[PDB]
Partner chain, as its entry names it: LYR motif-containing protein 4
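Next up: a single chain in structure tokens, the form deposited without its partner chain.
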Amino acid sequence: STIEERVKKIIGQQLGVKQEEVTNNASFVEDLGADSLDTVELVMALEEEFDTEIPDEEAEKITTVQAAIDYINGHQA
């Protein structure tokens, strides 16, 4: 039940792939290809997911899977 264990879910889900698909060193921008309609729904959800207002700054390490899992893990700190 690692941090990403919860991020991968909503993540892969936001895209439409099992949590197993969502790798670590991947990319939800190219690897998968999440249009601006999939990426958004991703963050929007990710936020409420843990009731958090992802700040612009933090809006940097959230282009792939692990990335998000890292943000939800301990937040870019």
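Positions refer to the first chain, counted from 1.
One more form of this protein exists, namely the form solved in complex with its partner chain; it is left out here, but the text below deals with it.
Interface residue remark: residue 35 is counted as part of the site for its partner chain in the bound PDB entry, having a heavy atom within 4.5 Å. Taking the partner from elsewhere, residue 31 is found to have every heavy atom lying beyond 4.5 Å of its partner chain in the bound PDB entry.
Contacts between 50-74 and its partner chain, taken as any heavy atom within 4.5 Å in the bound PDB entry, involve only 56.
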